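A.B. asks:
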Amino acid sequence: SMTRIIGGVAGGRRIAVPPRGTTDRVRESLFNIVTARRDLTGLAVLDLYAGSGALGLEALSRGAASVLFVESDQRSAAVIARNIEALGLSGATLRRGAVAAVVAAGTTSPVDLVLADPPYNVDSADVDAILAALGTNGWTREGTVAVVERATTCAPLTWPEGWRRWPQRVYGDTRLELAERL
Amino acid sequence: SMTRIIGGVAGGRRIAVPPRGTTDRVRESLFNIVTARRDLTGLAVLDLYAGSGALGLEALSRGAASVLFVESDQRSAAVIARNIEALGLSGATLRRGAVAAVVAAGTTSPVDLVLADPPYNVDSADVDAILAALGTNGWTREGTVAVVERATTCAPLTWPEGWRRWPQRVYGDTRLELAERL
Amino acid sequence: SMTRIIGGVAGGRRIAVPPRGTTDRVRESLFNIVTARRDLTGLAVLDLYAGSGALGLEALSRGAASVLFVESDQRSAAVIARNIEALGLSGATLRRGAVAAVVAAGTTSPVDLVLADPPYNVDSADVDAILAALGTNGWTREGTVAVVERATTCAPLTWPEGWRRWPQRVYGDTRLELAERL
Numbered sequence: 000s001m002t003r004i005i006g007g008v009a010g011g012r013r014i015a016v017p018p019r020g021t025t026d027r028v029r030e031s032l033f034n035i036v037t038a039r040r041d042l043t044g045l046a047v048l049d050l051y052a053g054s055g056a057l058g059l060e061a062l063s064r065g066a067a068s069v070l071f072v073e074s075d076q077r078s079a080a081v082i083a084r085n086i087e088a089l090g091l092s093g094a095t096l097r098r099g100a101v102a103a104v105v106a107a108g109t110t111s112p113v114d115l116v117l118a119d120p121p122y123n124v125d126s127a128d129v130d131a132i133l134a135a136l137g138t139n140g141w142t143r144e145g146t147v148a149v150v151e152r153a154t155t156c157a158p159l160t161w162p163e164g165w166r167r168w169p170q171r172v173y174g175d176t177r178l179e180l181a182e183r184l
Numbered sequence: 000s001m002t003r004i005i006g007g008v009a010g011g012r013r014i015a016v017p018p019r020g021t025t026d027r028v029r030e031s032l033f034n035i036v037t038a039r040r041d042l043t044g045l046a047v048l049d050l051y052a053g054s055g056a057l058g059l060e061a062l063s064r065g066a067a068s069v070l071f072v073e074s075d076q077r078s079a080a081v082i083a084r085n086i087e088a089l090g091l092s093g094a095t096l097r098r099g100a101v102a103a104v105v106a107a108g109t110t111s112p113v114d115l116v117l118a119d120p121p122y123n124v125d126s127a128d129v130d131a132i133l134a135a136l137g138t139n140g141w142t143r144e145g146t147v148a149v150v151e152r153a154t155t156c157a158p159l160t161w162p163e164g165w166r167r168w169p170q171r172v173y174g175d176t177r178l179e180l181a182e183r184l
Numbered sequence: 000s001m002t003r004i005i006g007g008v009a010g011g012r013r014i015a016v017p018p019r020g021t025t026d027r028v029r030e031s032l033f034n035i036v037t038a039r040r041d042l043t044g045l046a047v048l049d050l051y052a053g054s055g056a057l058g059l060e061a062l063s064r065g066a067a068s069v070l071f072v073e074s075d076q077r078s079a080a081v082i083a084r085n086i087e088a089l090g091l092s093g094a095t096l097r098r099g100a101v102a103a104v105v106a107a108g109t110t111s112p113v114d115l116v117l118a119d120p121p122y123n124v125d126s127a128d129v130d131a132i133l134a135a136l137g138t139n140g141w142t143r144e145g146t147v148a149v150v151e152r153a154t155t156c157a158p159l160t161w162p163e164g165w166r167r168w169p170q171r172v173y174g175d176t177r178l179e180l181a182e183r184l
């Protein structure tokens, strides 16, 4: 199947989705929330468990300078690459690998916005460990926003350390947890 | 003379200016900067040395929930009141009094955005004392943005405390200094 | 012009006065009243809108441990400094700046006695806000005495909070308002 980029310069353009996931309201809202509180212009973005790439590509559409997509599934990575090419927007890099492993090894290049939509079978307590790692392994700096999409049946996240949680939002059966590094 | 509100629901509407200050680019750019990094929706605003009220009325036009205008000069207060009326927007309060003395006495009602364009004969070191007072006397909370408009010939401000300075902007012979409370 | 210190170790010594306010009985009586109820020995004093410094210097003469003089006018600050040096008494500090802005920014060092002779052009409502600020911003502690000298044509002060007013005194066309922090 396909979904559509919501807003920005590629708004209304179609992108492919790998096999299931499993909304437009959720993605629209996510970016209304973020862009209400931050300009995407010039921002570096990390899109974890990227899947189709819908979240990172939305960010690029709305003026982010860079997005690193991290995705473990090879067919999903192919779909991401195809979507990057179809949109024609600069600044995308694709890293195919086990997400928690990439996150574990860290970086010297922090981002300003982390987007994550883990698969159904990732427990919230392992996500919590990823959130700690974002803080300590170079991925974030003061002001970095992290957004995690989870089904409402998943246990809520436990934010670490020095993150200020934003208000929690629900949409049908999906929850968005949002926080910023102090 | 008159100037115009730049954007928001009253964009284009005229407002009166007291016996002069003495731009549209400065006011436009101020709000481009702030509204890139913060949603004005629902915010509480403090407009110090308000003069015509152009800054605080701009904030109201763009969706601020409240503005407290503070102004010492009686004719200027009269102009501000006329402008609140002319515009017809809710959420405005006018307090006529000596601005530093108002700030000194404090509040239990913090704001999210402080706008200040002090007259030419207020020294920067006195503004510095006001910026400290905003911190300690109830006017601010974590996340509050402060913006001070000064002629380029004035000495730069010394931010106190735990404010993080944003990049400094200059426009002709006006500087804007912007910061947020950590 | 010149005036004389009334009492204390510097009793009867001359001090210079800036371009005028515009008495000896007022200052004599002020200290008769205060020293009837409080010992000056070892006290910390604040002299706001100090002008010539005549009040704070009187306090030092009678045994105050310290006086912080606050005065905005540069020639007046020069006169205070000259008077401090002429008397030769220790414990004087001179802070030149906008008085309400100094008061706004506060302190971690309270005083026992506040003396204030605001200029004619300062409204009683702005003095009232200073009086509030004195209580909340670190300038006072339990027992601190505040004394404000005003022309009888000025409206009376509104004392805040947990101040107990002492009896009001009048001397020609000057009033003294005295109170103590509960």
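Chains C, A and B supply the protein sequences, listed in that same order. According to the deposited numbering, the residues represented by the first sequence are 0 to 21, 25 to 184, in order. According to the deposited numbering, the residues represented by the second sequence are 0 to 21, 25 to 184, in order. According to the deposited numbering, the residues represented by the third sequence are 0 to 21, 25 to 184, in order. Quick reminder that beta carbons are idealized off the backbone N, C-alpha and C, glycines included.
(1) Reducing DSSP to helix, strand and coil, say where residue 45 of chain C ends up.
(2) CB-CB under 8 Å to residue 137 of chain C, same chain, minus the five flanking residues each way: which ones, in chain order?
(3) With a threshold of 7 Å on Cβ separation, who are the neighbours of residue 56 of chain B within its own chain once the five nearest residues in sequence on each side are excluded?
(4) Please decide whether residue 114 of chain B counts as near chain A, where near means a Cβ-Cβ distance under 9 Å.
(5) So, does the region 40 to 48 of chain A touch the region 28 to 44 of chain C, judging by three or more C-beta pairs under 8 Å?
(6) Given a threshold of 16 other Cβ atoms within 10 Å of its Cβ, counted over all protein chains shown, does residue 143 of chain C qualify as buried or as exposed?
(7) Measure the Cβ-Cβ separation of residue 127 of chain A and residue 108 of chain B and say whether it is below 9 Å.
(8) For the candidate residues C:176, C:84, C:103, C:101, whose alpha-carbon lies nearest to that of residue 94 of chain C?
(9) Please report how far the alpha carbon of residue 88 of chain C lies from the alpha carbon of residue 17 of chain C, in whole angstroms.
(10) Helix, strand or coil: which one does DSSP assign to residue 39 of chain B?
(11) Measure from the alpha carbon of residue 105 of chain B to the alpha carbon of each residue in A:32, A:131, A:119, then state which is nearest.
(12) Taking the continuous beta strand (DSSP E) assigned at residue 98 of chain A, which residues delimit it?
(13) Helix, strand or coil for residue 74 of chain B? Go by DSSP, reduced to three states.
(14) Which value, in whole angstroms, describes the spacing of the CA atoms of residue 27 of chain B and residue 34 of chain B?
(15) Taking 9 Å as the CB-CB limit, is residue 34 of chain A close to chain B?
(16) Leaving out five residues on either side along the sequence, give the residues of the same chain with a beta carbon under 6 Å from the beta carbon of residue 48 of chain A.
(17) List the residues of chain C whose Cβ lies closer than 8 Å to the Cβ of residue 39 of chain A, in chain order.
(18) Just to confirm, are residue 10 of chain C and residue 74 of chain C a CB contact at a threshold of 9 Å?
(19) Closest by CA to residue 177 of chain C, which one among C:61, C:51, C:32?
(20) Are the CB atoms of residue 173 of chain B and residue 20 of chain B within a distance shorter than 9 Å?
(21) Can you give me the C-alpha to C-alpha distance between residue 77 of chain A and residue 160 of chain A, rounded to a whole angstrom?
(22) What does residue 52 of chain B reach in chain A if we use C-beta pairs closer than 7 Å?
(23) Can you pull out the residues from the region 93 to 112 of chain B whose beta carbon lies closer than 7 Å to at least one beta carbon of chain A?
(24) Out of A:59, A:119, A:168, A:153, which has the shortest C-alpha to C-alpha gap to residue 146 of chain A?
(25) Can residue 52 of chain C and residue 58 of chain C be called in contact, C-beta distance under 9 Å?
C.D. replies: In short:
(1) Secondary structure at residue 45 of chain C: coil, using DSSP grouped into helix, strand and coil.
(2) Closer than 8 Å at the Cβ level, and outside the excluded window around residue 137 of chain C, lie 162, 163, 164, 165, 183.
(3) Sequence-distant Cβ neighbours of residue 56 of chain B in its own chain, meaning closer than 7 Å and more than five residues away, are 2, 14, 29.
(4) Among the residues facing chain A, residue 114 of chain B is not included, as its CB has no counterpart in that chain under 9 Å away.
(5) Output reads yes: the region 28 to 44 of chain C touches the region 40 to 48 of chain A.
(6) Flag for residue 143 of chain C reads exposed.
(7) No Cβ-Cβ contact shorter than 9 Å links residue 127 of chain A with residue 108 of chain B.
(8) Here the closest residue by C-alpha is C:84.
(9) Spanning the two alpha carbons is a distance of roughly 15 Å.
(10) Residue state, collapsed to three classes: helix.
(11) When each option's Cα is compared against that of residue 105 of chain B, the closest is A:131.
(12) Run containing residue 98 of chain A: 94 to 98, per the beta strand (DSSP E) assignment.
(13) Coil, per DSSP.
(14) Residue 27 of chain B and residue 34 of chain B have their C-alpha atoms roughly 10 Å apart.
(15) By this cut-off, residue 34 of chain A is not an interface position.
(16) Excluding positions up to five away in sequence, the list reads 70, 113, 116.
(17) Near residue 39 of chain A (Cβ distances below 8 Å), the residues of chain C are 39, 40, 41.
(18) Against a cut-off of 9 Å, the Cβ pair of residue 74 of chain C and residue 10 of chain C comes out as no contact.
(19) Each of C:61, C:51, C:32 was checked against the Cα of residue 177 of chain C, and the nearest Cα belongs to C:32.
(20) No; because the gap between Cβ atoms is not below 9 Å, this pair is not in contact.
(21) Distance between the alpha carbons of residue 77 of chain A and residue 160 of chain A is about 31 Å.
(22) Neighbours of residue 52 of chain B on chain A: none; closest Cβ ~17 Å, over 7 Å.
(23) Against chain A - using a Cβ distance shorter than 7 Å - the residues of the region 93 to 112 of chain B are 99, 100, 102, 103, 104, 105, 106, 107, 108.
(24) Of A:59, A:119, A:168, A:153, the smallest CA-CA separation from residue 146 of chain A is found for A:168.
(25) Going by C-beta atoms, residue 52 of chain C is nearer than 9 Å to residue 58 of chain C.
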